[PDB]
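Quick look at upload09.cif (mmCIF, C-alpha atoms and all ligand atoms):
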data_target
#
loop_
_atom_site.group_PDB
_atom_site.id
_atom_site.type_symbol
_atom_site.label_atom_id
_atom_site.label_comp_id
_atom_site.auth_asym_id
_atom_site.auth_seq_id
_atom_site.Cartn_x
_atom_site.Cartn_y
_atom_site.Cartn_z
ATOM 1 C CA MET A 1 -6.127 4.824 15.400
ATOM 2 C CA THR A 2 -4.368 6.814 18.184
ATOM 3 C CA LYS A 3 -2.866 9.970 16.677
ATOM 4 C CA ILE A 4 0.635 9.979 15.200
ATOM 5 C CA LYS A 5 3.261 11.382 17.555
ATOM 6 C CA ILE A 6 5.872 13.861 16.330
ATOM 7 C CA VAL A 7 9.527 13.716 17.469
ATOM 8 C CA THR A 8 12.412 16.143 16.622
ATOM 9 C CA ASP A 9 15.811 17.100 18.084
ATOM 10 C CA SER A 10 16.856 20.135 20.143
ATOM 11 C CA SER A 11 18.523 21.820 17.072
ATOM 12 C CA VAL A 12 14.927 22.916 16.368
ATOM 13 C CA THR A 13 14.379 26.561 17.179
ATOM 14 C CA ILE A 14 10.774 27.004 18.341
ATOM 15 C CA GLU A 15 8.595 28.845 20.867
ATOM 16 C CA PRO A 16 8.398 26.534 23.947
ATOM 17 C CA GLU A 17 4.597 26.948 24.392
ATOM 18 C CA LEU A 18 4.139 25.684 20.831
ATOM 19 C CA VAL A 19 5.994 22.462 21.764
ATOM 20 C CA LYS A 20 3.426 21.741 24.520
ATOM 21 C CA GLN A 21 0.372 22.897 22.497
ATOM 22 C CA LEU A 22 1.203 20.454 19.604
ATOM 23 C CA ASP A 23 2.523 17.567 21.818
ATOM 24 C CA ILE A 24 5.965 17.574 20.160
ATOM 25 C CA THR A 25 8.714 15.424 21.857
ATOM 26 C CA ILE A 26 12.173 17.021 21.597
ATOM 27 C CA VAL A 27 15.147 14.616 21.985
ATOM 28 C CA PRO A 28 17.934 16.729 23.562
ATOM 29 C CA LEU A 29 21.472 16.903 22.191
ATOM 30 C CA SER A 30 24.249 17.607 24.702
ATOM 31 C CA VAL A 31 27.220 19.972 24.810
ATOM 32 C CA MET A 32 30.503 19.771 26.799
ATOM 33 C CA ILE A 33 31.614 23.081 28.368
ATOM 34 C CA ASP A 34 35.059 22.922 30.122
ATOM 35 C CA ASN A 35 34.668 19.140 30.420
ATOM 36 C CA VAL A 36 31.180 19.387 32.020
ATOM 37 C CA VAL A 37 28.347 17.814 29.977
ATOM 38 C CA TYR A 38 25.068 19.766 29.778
ATOM 39 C CA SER A 39 21.784 18.603 28.242
ATOM 40 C CA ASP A 40 20.589 21.090 25.601
ATOM 41 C CA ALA A 41 17.214 20.922 27.463
ATOM 42 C CA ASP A 42 18.893 22.865 30.340
ATOM 43 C CA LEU A 43 20.314 25.576 28.022
ATOM 44 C CA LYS A 44 17.084 27.105 26.657
ATOM 45 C CA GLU A 45 17.005 30.162 28.989
ATOM 46 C CA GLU A 46 17.589 33.358 26.938
ATOM 47 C CA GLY A 47 21.274 34.332 26.899
ATOM 48 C CA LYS A 48 22.341 31.558 29.318
ATOM 49 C CA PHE A 49 24.453 29.521 26.875
ATOM 50 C CA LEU A 50 25.802 32.679 25.189
ATOM 51 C CA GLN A 51 27.280 33.735 28.508
ATOM 52 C CA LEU A 52 28.780 30.239 29.280
ATOM 53 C CA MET A 53 30.411 30.145 25.763
ATOM 54 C CA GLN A 54 31.798 33.728 26.181
ATOM 55 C CA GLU A 55 33.562 32.658 29.448
ATOM 56 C CA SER A 56 34.507 28.985 28.913
ATOM 57 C CA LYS A 57 38.267 28.100 28.821
ATOM 58 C CA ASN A 58 37.576 25.773 25.868
ATOM 59 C CA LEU A 59 35.345 26.051 22.834
ATOM 60 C CA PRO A 60 32.168 23.984 23.602
ATOM 61 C CA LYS A 61 31.661 20.603 21.855
ATOM 62 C CA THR A 62 28.217 19.341 20.740
ATOM 63 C CA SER A 63 27.023 15.697 20.754
ATOM 64 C CA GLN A 64 24.169 13.941 19.011
ATOM 65 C CA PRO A 65 21.658 11.993 21.146
ATOM 66 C CA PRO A 66 22.669 8.326 21.671
ATOM 67 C CA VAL A 67 20.986 5.557 19.573
ATOM 68 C CA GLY A 68 19.833 4.082 22.902
ATOM 69 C CA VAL A 69 18.008 7.226 24.042
ATOM 70 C CA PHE A 70 16.074 7.299 20.723
ATOM 71 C CA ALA A 71 15.146 3.599 21.137
ATOM 72 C CA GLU A 72 14.008 4.244 24.763
ATOM 73 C CA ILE A 73 11.942 7.330 23.765
ATOM 74 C CA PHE A 74 10.338 5.535 20.813
ATOM 75 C CA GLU A 75 9.384 2.600 23.159
ATOM 76 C CA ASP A 76 7.666 4.931 25.708
ATOM 77 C CA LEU A 77 5.811 6.903 23.014
ATOM 78 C CA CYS A 78 4.404 3.818 21.210
ATOM 79 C CA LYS A 79 2.734 2.385 24.410
ATOM 80 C CA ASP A 80 -0.523 4.107 23.196
ATOM 81 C CA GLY A 81 -0.370 1.882 20.087
ATOM 82 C CA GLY A 82 0.447 4.849 17.791
ATOM 83 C CA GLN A 83 3.019 5.438 15.045
ATOM 84 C CA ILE A 84 5.875 7.921 15.410
ATOM 85 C CA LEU A 85 7.200 10.410 12.883
ATOM 86 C CA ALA A 86 10.663 11.790 13.798
ATOM 87 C CA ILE A 87 11.929 14.768 11.784
ATOM 88 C CA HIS A 88 15.587 15.706 12.309
ATOM 89 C CA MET A 89 18.345 18.049 11.251
ATOM 90 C CA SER A 90 20.357 17.366 8.100
ATOM 91 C CA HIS A 91 22.663 14.319 8.087
ATOM 92 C CA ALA A 92 25.286 16.755 6.707
ATOM 93 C CA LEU A 93 25.284 18.702 10.033
ATOM 94 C CA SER A 94 24.837 15.813 12.500
ATOM 95 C CA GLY A 95 24.633 12.051 12.944
ATOM 96 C CA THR A 96 21.303 12.717 14.893
ATOM 97 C CA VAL A 97 19.077 11.451 12.075
ATOM 98 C CA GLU A 98 21.109 8.216 11.617
ATOM 99 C CA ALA A 99 20.908 7.685 15.375
ATOM 100 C CA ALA A 100 17.089 8.068 15.122
ATOM 101 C CA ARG A 101 17.085 5.489 12.234
ATOM 102 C CA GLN A 102 19.097 3.009 14.309
ATOM 103 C CA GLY A 103 16.877 3.717 17.355
ATOM 104 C CA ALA A 104 13.740 3.158 15.297
ATOM 105 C CA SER A 105 15.147 -0.176 14.024
ATOM 106 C CA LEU A 106 16.005 -1.265 17.596
ATOM 107 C CA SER A 107 12.601 -0.198 19.092
ATOM 108 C CA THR A 108 9.363 -2.235 18.681
ATOM 109 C CA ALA A 109 7.561 1.004 17.754
ATOM 110 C CA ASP A 110 6.409 1.765 14.219
ATOM 111 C CA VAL A 111 8.721 4.745 13.565
ATOM 112 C CA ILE A 112 9.271 6.763 10.431
ATOM 113 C CA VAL A 113 12.409 8.944 10.331
ATOM 114 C CA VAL A 114 12.798 11.910 7.992
ATOM 115 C CA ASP A 115 15.815 14.141 7.314
ATOM 116 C CA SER A 116 14.463 17.731 7.142
ATOM 117 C CA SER A 117 17.607 18.828 5.152
ATOM 118 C CA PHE A 118 17.750 21.886 7.550
ATOM 119 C CA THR A 119 17.802 22.855 11.273
ATOM 120 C CA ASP A 120 16.630 25.777 13.460
ATOM 121 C CA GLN A 121 13.339 27.402 12.346
ATOM 122 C CA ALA A 122 13.414 25.696 8.905
ATOM 123 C CA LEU A 123 13.217 22.360 10.769
ATOM 124 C CA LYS A 124 10.490 24.058 12.908
ATOM 125 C CA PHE A 125 8.302 24.639 9.774
ATOM 126 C CA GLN A 126 8.273 20.839 9.013
ATOM 127 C CA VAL A 127 7.853 19.778 12.641
ATOM 128 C CA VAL A 128 5.028 22.173 13.374
ATOM 129 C CA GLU A 129 3.098 21.373 10.162
ATOM 130 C CA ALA A 130 3.572 17.655 10.924
ATOM 131 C CA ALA A 131 2.279 18.083 14.501
ATOM 132 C CA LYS A 132 -0.727 20.145 13.327
ATOM 133 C CA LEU A 133 -1.716 17.416 10.800
ATOM 134 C CA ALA A 134 -1.061 14.695 13.427
ATOM 135 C CA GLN A 135 -3.496 16.310 15.864
ATOM 136 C CA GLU A 136 -6.171 16.593 13.090
ATOM 137 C CA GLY A 137 -5.829 12.792 12.866
ATOM 138 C CA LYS A 138 -4.222 12.612 9.403
ATOM 139 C CA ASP A 139 -2.483 9.358 8.418
ATOM 140 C CA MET A 140 1.239 8.918 7.844
ATOM 141 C CA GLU A 141 1.084 9.098 4.029
ATOM 142 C CA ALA A 142 -0.744 12.482 4.173
ATOM 143 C CA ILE A 143 1.594 13.915 6.869
ATOM 144 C CA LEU A 144 4.804 12.855 5.052
ATOM 145 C CA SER A 145 3.588 14.316 1.758
ATOM 146 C CA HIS A 146 2.654 17.735 3.305
ATOM 147 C CA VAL A 147 5.936 17.827 5.292
ATOM 148 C CA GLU A 148 7.878 17.219 2.019
ATOM 149 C CA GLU A 149 5.874 20.053 0.452
ATOM 150 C CA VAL A 150 6.922 22.366 3.337
ATOM 151 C CA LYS A 151 10.586 21.305 2.944
ATOM 152 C CA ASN A 152 10.579 21.812 -0.794
ATOM 153 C CA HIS A 153 9.148 25.357 -0.337
ATOM 154 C CA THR A 154 11.698 26.334 2.325
ATOM 155 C CA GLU A 155 14.960 28.305 2.016
ATOM 156 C CA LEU A 156 17.610 28.872 4.730
ATOM 157 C CA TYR A 157 20.099 31.728 4.704
ATOM 158 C CA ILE A 158 22.766 32.166 7.412
ATOM 159 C CA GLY A 159 25.225 34.914 8.146
ATOM 160 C CA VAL A 160 28.325 34.384 10.290
ATOM 161 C CA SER A 161 30.754 37.070 11.655
ATOM 162 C CA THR A 162 33.629 34.587 12.033
ATOM 163 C CA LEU A 163 34.503 31.222 10.488
ATOM 164 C CA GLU A 164 36.542 30.012 13.476
ATOM 165 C CA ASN A 165 33.646 28.053 15.117
ATOM 166 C CA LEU A 166 32.752 26.439 11.765
ATOM 167 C CA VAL A 167 36.371 25.388 11.218
ATOM 168 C CA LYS A 168 36.916 24.128 14.802
ATOM 169 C CA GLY A 169 33.538 22.255 14.899
ATOM 170 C CA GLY A 170 34.241 20.585 11.499
ATOM 171 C CA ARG A 171 31.081 21.776 9.621
ATOM 172 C CA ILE A 172 33.259 24.040 7.448
ATOM 173 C CA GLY A 173 33.581 20.726 5.562
ATOM 174 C CA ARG A 174 29.998 21.200 4.239
ATOM 175 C CA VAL A 175 30.742 24.686 2.878
ATOM 176 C CA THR A 176 31.256 24.337 -0.870
ATOM 177 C CA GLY A 177 34.035 26.423 -2.532
ATOM 178 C CA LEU A 178 34.621 29.101 0.137
ATOM 179 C CA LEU A 179 38.140 30.537 -0.162
ATOM 180 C CA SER A 180 39.179 32.852 2.660
ATOM 181 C CA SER A 181 42.623 33.681 3.950
ATOM 182 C CA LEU A 182 40.808 35.182 6.961
ATOM 183 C CA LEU A 183 38.654 33.599 9.684
ATOM 184 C CA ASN A 184 37.386 36.965 10.972
ATOM 185 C CA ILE A 185 35.148 37.892 8.025
ATOM 186 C CA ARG A 186 31.370 38.149 7.404
ATOM 187 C CA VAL A 187 29.919 35.373 5.256
ATOM 188 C CA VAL A 188 26.393 34.738 3.982
ATOM 189 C CA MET A 189 25.533 31.175 2.908
ATOM 190 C CA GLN A 190 22.455 29.345 1.631
ATOM 191 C CA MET A 191 21.841 25.829 2.917
ATOM 192 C CA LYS A 192 20.664 24.010 -0.214
ATOM 193 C CA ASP A 193 20.454 20.220 -0.647
ATOM 194 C CA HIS A 194 22.459 19.705 2.569
ATOM 195 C CA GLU A 195 25.341 22.046 1.468
ATOM 196 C CA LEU A 196 26.327 25.465 2.720
ATOM 197 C CA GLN A 197 26.760 27.531 -0.455
ATOM 198 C CA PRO A 198 28.512 30.895 0.031
ATOM 199 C CA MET A 199 26.635 33.852 -1.495
ATOM 200 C CA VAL A 200 28.907 36.693 -0.398
ATOM 201 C CA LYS A 201 31.929 37.362 1.817
ATOM 202 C CA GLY A 202 33.208 40.671 3.178
ATOM 203 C CA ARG A 203 35.109 42.184 6.097
ATOM 204 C CA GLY A 204 33.029 45.337 6.092
ATOM 205 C CA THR A 205 30.153 46.202 8.347
ATOM 206 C CA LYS A 206 27.652 46.563 5.451
ATOM 207 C CA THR A 207 28.141 43.000 4.069
ATOM 208 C CA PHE A 208 24.866 41.747 5.657
ATOM 209 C CA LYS A 209 22.802 44.921 4.938
ATOM 210 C CA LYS A 210 23.765 44.865 1.249
ATOM 211 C CA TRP A 211 22.924 41.162 0.974
ATOM 212 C CA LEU A 212 19.579 41.805 2.687
ATOM 213 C CA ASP A 213 18.670 44.493 0.173
ATOM 214 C CA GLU A 214 19.250 41.986 -2.654
ATOM 215 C CA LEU A 215 17.083 39.399 -0.844
ATOM 216 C CA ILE A 216 14.218 41.879 -0.448
ATOM 217 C CA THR A 217 14.338 42.756 -4.186
ATOM 218 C CA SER A 218 13.953 39.016 -5.008
ATOM 219 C CA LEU A 219 10.924 38.685 -2.712
ATOM 220 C CA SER A 220 8.976 41.223 -4.930
ATOM 221 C CA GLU A 221 6.998 38.541 -6.784
ATOM 222 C CA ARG A 222 7.073 35.547 -4.390
ATOM 223 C CA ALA A 223 4.160 34.491 -2.195
ATOM 224 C CA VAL A 224 5.606 34.057 1.326
ATOM 225 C CA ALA A 225 3.833 31.924 3.960
ATOM 226 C CA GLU A 226 6.232 32.392 6.878
ATOM 227 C CA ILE A 227 9.455 34.130 7.799
ATOM 228 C CA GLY A 228 11.500 33.260 10.870
ATOM 229 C CA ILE A 229 14.684 34.994 11.997
ATOM 230 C CA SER A 230 17.218 33.476 14.400
ATOM 231 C CA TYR A 231 20.314 35.001 15.961
ATOM 232 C CA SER A 232 23.273 34.512 18.304
ATOM 233 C CA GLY A 233 24.534 37.297 20.490
ATOM 234 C CA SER A 234 22.337 40.344 20.775
ATOM 235 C CA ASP A 235 19.076 40.587 18.783
ATOM 236 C CA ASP A 236 19.695 44.126 17.468
ATOM 237 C CA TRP A 237 20.480 43.101 13.888
ATOM 238 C CA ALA A 238 17.700 40.443 13.895
ATOM 239 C CA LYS A 239 15.175 43.088 14.932
ATOM 240 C CA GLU A 240 16.391 45.410 12.176
ATOM 241 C CA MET A 241 15.933 42.569 9.601
ATOM 242 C CA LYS A 242 12.461 41.939 10.952
ATOM 243 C CA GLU A 243 11.530 45.572 10.354
ATOM 244 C CA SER A 244 12.335 45.294 6.661
ATOM 245 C CA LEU A 245 10.991 41.714 6.112
ATOM 246 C CA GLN A 246 7.626 41.866 7.963
ATOM 247 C CA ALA A 247 5.979 43.750 4.998
ATOM 248 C CA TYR A 248 6.518 40.633 2.865
ATOM 249 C CA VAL A 249 4.539 38.149 4.975
ATOM 250 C CA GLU A 250 1.174 38.253 6.698
ATOM 251 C CA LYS A 251 2.097 35.964 9.584
ATOM 252 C CA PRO A 252 4.135 37.772 12.301
ATOM 253 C CA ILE A 253 7.828 36.938 12.133
ATOM 254 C CA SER A 254 9.306 34.863 14.988
ATOM 255 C CA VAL A 255 12.627 36.320 16.036
ATOM 256 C CA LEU A 256 14.336 33.679 18.249
ATOM 257 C CA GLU A 257 17.701 33.179 19.845
ATOM 258 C CA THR A 258 19.138 30.006 18.291
ATOM 259 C CA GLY A 259 20.055 27.083 20.581
ATOM 260 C CA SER A 260 23.339 26.121 22.126
ATOM 261 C CA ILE A 261 23.907 23.399 19.481
ATOM 262 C CA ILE A 262 23.895 25.935 16.644
ATOM 263 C CA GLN A 263 25.646 28.748 18.657
ATOM 264 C CA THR A 264 28.609 26.393 19.265
ATOM 265 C CA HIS A 265 29.245 26.041 15.504
ATOM 266 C CA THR A 266 28.274 29.572 14.309
ATOM 267 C CA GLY A 267 29.817 31.727 17.031
ATOM 268 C CA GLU A 268 28.298 34.980 18.299
ATOM 269 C CA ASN A 269 26.700 37.601 15.976
ATOM 270 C CA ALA A 270 25.375 35.016 13.540
ATOM 271 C CA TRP A 271 21.855 35.065 12.158
ATOM 272 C CA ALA A 272 19.450 33.125 9.959
ATOM 273 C CA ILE A 273 16.574 33.933 7.661
ATOM 274 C CA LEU A 274 14.166 31.021 7.290
ATOM 275 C CA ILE A 275 11.546 31.451 4.575
ATOM 276 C CA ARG A 276 8.645 29.213 3.659
ATOM 277 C CA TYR A 277 6.888 30.144 0.378
ATOM 278 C CA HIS A 278 3.225 29.318 -0.473
HETATM 279 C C1 LIG B 1 22.399 31.743 13.819
HETATM 280 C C2 LIG B 1 21.288 30.752 13.516
HETATM 281 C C3 LIG B 1 21.722 29.804 12.425
HETATM 282 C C4 LIG B 1 20.655 28.815 11.986
HETATM 283 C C5 LIG B 1 21.103 28.084 10.732
HETATM 284 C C6 LIG B 1 22.197 27.036 10.933
HETATM 285 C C7 LIG B 1 22.662 26.488 9.592
HETATM 286 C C8 LIG B 1 23.711 25.389 9.665
HETATM 287 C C9 LIG B 1 25.069 25.957 10.027
HETATM 288 C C10 LIG B 1 25.753 25.731 11.171
HETATM 289 C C11 LIG B 1 25.275 24.921 12.373
HETATM 290 C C12 LIG B 1 25.889 23.526 12.463
HETATM 291 C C13 LIG B 1 25.300 22.735 13.637
HETATM 292 C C14 LIG B 1 25.971 21.387 13.820
HETATM 293 C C15 LIG B 1 25.380 20.673 15.049
HETATM 294 C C16 LIG B 1 25.962 19.285 15.234
HETATM 295 C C17 LIG B 1 25.480 18.467 16.441
HETATM 296 C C18 LIG B 1 26.337 17.225 16.662
HETATM 297 O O1 LIG B 1 26.012 16.120 16.048
HETATM 298 O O2 LIG B 1 27.344 17.341 17.461
HETATM 299 NA NA NA B 2 10.754 -0.226 15.332
#

Entire entry expressed as structure tokens:
Amino acid sequence: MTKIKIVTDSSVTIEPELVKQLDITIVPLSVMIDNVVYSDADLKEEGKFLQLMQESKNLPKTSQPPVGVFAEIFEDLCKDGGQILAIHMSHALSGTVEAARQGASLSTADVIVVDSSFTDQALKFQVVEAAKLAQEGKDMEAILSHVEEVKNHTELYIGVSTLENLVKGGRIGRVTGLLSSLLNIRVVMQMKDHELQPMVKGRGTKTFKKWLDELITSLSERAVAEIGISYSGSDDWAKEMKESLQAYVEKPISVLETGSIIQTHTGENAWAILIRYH
């Protein structure tokens, strides 16, 4: 057969050892910082991108991987005679997945391309479950079906402390019915069917804590398989959320600094709660 090979993009937020252990291939996005282009692959060191974005003259600008890079990576991976499954961030956030579709079509490899409908650790849940099944030698049908199951049992919540990065990066366009006369405000959103749906907005310092208490109430009678927490800036608030959420899931919670691609659009002092239910 040769086992199926899993591909994703560098919007995935994941422990780096897990990438190697499950033979996942990560296609890097890039980001321009004061007119200098960096590969996302060189911005994974804790706090490194944060510090560049804090000091850069210009707001950074993110870029999807080229069609051609996807085609070239798919060609090298299929030399073993295997199929490829590429799982990518939402088409609503990035052209990445369309680039993978074009790349697949240009390559001679047998390549299936799936839109995760998410990013960050929610994309991680799909990718990791795909790679686990791949390495057990499951076929493409079985992998796709289980990955869909993971997706359909996943929720993504995000909190931002400013809207300026979302406005300047354009992804404010995917936020449905948010009215704010202020950019410097705290907002919690749910990413649902490729839209960012606002759940609450507030200037005050308890906006996130109050929202969290409502989340925890709702988790009373859910069976939770995994919780991941991601953050930009310092991890203080993320660690506090972990303390209250860990009681609700057996598996230890991964608390991870999000990547440069997401930090560019969220700004500092953002966070995410990624939940996969049984
Ligand atoms: C703080 C961690 C947040 C994790 C959840 C992110 C949810 C989606 C919201 C904002 C990020 C948007 C990222 C857009 C990247 C585009 C890349 C490109 O094609 O240039
Ligand atoms: Na092909």

Residue among A:49, A:74, A:118, A:38 lying closest to ligand NA 2 (chain B), counting only C-alpha atoms and all ligand atoms: A:74

Hits from the PyMOL selection byres (((chain A and resi 111) around 7) and not hetatm), listed as a ChimeraX atom specification: /A:83-85,104,109-110,112-113

Neighbour list for range 3-10 of chain A as a ChimeraX atom specification, cut-off 8 Å, only C-alpha atoms, skip fewer than 5 positions in-chain: /A:23-29,40-41,77,82-89,96,127,130-131,134-135,137-140,259,261

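Nearest to residue 30 in chain A of all the residues A:182, A:187, A:100, A:262 is A:262, counting only C-alpha atoms.
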
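Selection result for the displayed file, with the PyMOL selection byres (((chain A and resi 71) around 9) and not hetatm) as criterion, is residues 66, 67, 68, 69, 70, 72, 73, 74, 75, 76, 100, 102, 103, 104, 105, 106, 107, 108 and 109 of chain A.
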
Write the selection just made, keeping C-alpha atoms, as a PDB file, in the frame of the given file?
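The resulting file, again.pdb, is shown below:
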ATOM      1  CA  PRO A  66      22.669   8.326  21.671  1.00  0.00           C
ATOM      2  CA  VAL A  67      20.986   5.557  19.573  1.00  0.00           C
ATOM      3  CA  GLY A  68      19.833   4.082  22.902  1.00  0.00           C
ATOM      4  CA  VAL A  69      18.008   7.226  24.042  1.00  0.00           C
ATOM      5  CA  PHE A  70      16.074   7.299  20.723  1.00  0.00           C
ATOM      6  CA  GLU A  72      14.008   4.244  24.763  1.00  0.00           C
ATOM      7  CA  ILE A  73      11.942   7.330  23.765  1.00  0.00           C
ATOM      8  CA  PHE A  74      10.338   5.535  20.813  1.00  0.00           C
ATOM      9  CA  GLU A  75       9.384   2.600  23.159  1.00  0.00           C
ATOM     10  CA  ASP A  76       7.666   4.931  25.708  1.00  0.00           C
ATOM     11  CA  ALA A 100      17.089   8.068  15.122  1.00  0.00           C
ATOM     12  CA  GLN A 102      19.097   3.009  14.309  1.00  0.00           C
ATOM     13  CA  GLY A 103      16.877   3.717  17.355  1.00  0.00           C
ATOM     14  CA  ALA A 104      13.740   3.158  15.297  1.00  0.00           C
ATOM     15  CA  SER A 105      15.147  -0.176  14.024  1.00  0.00           C
ATOM     16  CA  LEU A 106      16.005  -1.265  17.596  1.00  0.00           C
ATOM     17  CA  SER A 107      12.601  -0.198  19.092  1.00  0.00           C
ATOM     18  CA  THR A 108       9.363  -2.235  18.681  1.00  0.00           C
ATOM     19  CA  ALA A 109       7.561   1.004  17.754  1.00  0.00           C
TER      20      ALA A 109
END

Test item: the PyMOL selection byres (((not hetatm)) within 6 of (chain B and resi 1)) resolved as an MDAnalysis selection string: chainID A and resid 62:64 93:96 120 158 230:232 258 261:262 265:266 270:272

File dump, residues just selected, C-alpha atoms, as a PDB file, in the frame of the given file:
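Contents of the output file out.pdb:
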ATOM      1  CA  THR A  62      28.217  19.341  20.740  1.00  0.00           C
ATOM      2  CA  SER A  63      27.023  15.697  20.754  1.00  0.00           C
ATOM      3  CA  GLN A  64      24.169  13.941  19.011  1.00  0.00           C
ATOM      4  CA  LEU A  93      25.284  18.702  10.033  1.00  0.00           C
ATOM      5  CA  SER A  94      24.837  15.813  12.500  1.00  0.00           C
ATOM      6  CA  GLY A  95      24.633  12.051  12.944  1.00  0.00           C
ATOM      7  CA  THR A  96      21.303  12.717  14.893  1.00  0.00           C
ATOM      8  CA  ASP A 120      16.630  25.777  13.460  1.00  0.00           C
ATOM      9  CA  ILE A 158      22.766  32.166   7.412  1.00  0.00           C
ATOM     10  CA  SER A 230      17.218  33.476  14.400  1.00  0.00           C
ATOM     11  CA  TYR A 231      20.314  35.001  15.961  1.00  0.00           C
ATOM     12  CA  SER A 232      23.273  34.512  18.304  1.00  0.00           C
ATOM     13  CA  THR A 258      19.138  30.006  18.291  1.00  0.00           C
ATOM     14  CA  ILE A 261      23.907  23.399  19.481  1.00  0.00           C
ATOM     15  CA  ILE A 262      23.895  25.935  16.644  1.00  0.00           C
ATOM     16  CA  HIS A 265      29.245  26.041  15.504  1.00  0.00           C
ATOM     17  CA  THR A 266      28.274  29.572  14.309  1.00  0.00           C
ATOM     18  CA  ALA A 270      25.375  35.016  13.540  1.00  0.00           C
ATOM     19  CA  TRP A 271      21.855  35.065  12.158  1.00  0.00           C
ATOM     20  CA  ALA A 272      19.450  33.125   9.959  1.00  0.00           C
TER      21      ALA A 272
END

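Among the candidate residues A:20, A:78, A:35, A:234, the one lying nearest to ligand NA 2 (chain B) is A:78, with distances computed using only C-alpha atoms and all ligand atoms.
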
Selected residue, from A:209, A:254, A:148, A:101, that lies nearest to ligand NA 2 (chain B) when counting all atoms listed in the file: A:101

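CA of residue 246 in chain A is found 26.7 Å from CA of residue 50 in chain A.
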
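CA of residue 250 in chain A is found 11.6 Å from CA of residue 278 in chain A.
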
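Across the model, the gap from CA of residue 277 in chain A to CA of residue 225 in chain A is 5.0 Å.
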